[PDB]
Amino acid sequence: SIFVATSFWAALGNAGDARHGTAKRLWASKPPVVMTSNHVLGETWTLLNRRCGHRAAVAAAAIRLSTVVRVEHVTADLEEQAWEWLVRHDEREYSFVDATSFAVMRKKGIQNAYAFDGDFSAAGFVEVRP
């Protein structure tokens, strides 16, 4: 299984992203179980909206309708763990969505992330490469 982060969705959903081709390659080779979070989709919307405008962002909104991609609603319990995690890990700059993403992966026993730019790698997960 894999967990998909915003950095990946943003690449996949933006044809003008420098890592678009890499993303599509990764997407074609993905395992059957693909999950992400409500926080990630929201972040993806915002990023794609700011970068490519409303139409491109609508694509991200539609992922929540997918029968193939599993979207975890991050619970209050999981968020509390993410907050605690965030407060202790001052060694590197981590976003809130990243911390909730790590928390989801730990909960679901997921080690592989579809993500770029090394934050998941730094946090002890595997950022899948083509």
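The first residue of the shown sequence is 1; numbering continues from there.
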Higher avg CA temperature factor (111-119 vs 14-22, as deposited) belongs to 14-22
Comparing 39-47 with 71-79, the higher average Cα temperature factor in the PDB entry belongs to 71-79
Listed options 58, 97, 86, 65: highest C-alpha B factor recorded at 65
Chain thirds by Cα B factor, record data; residue 34 belongs to the middle
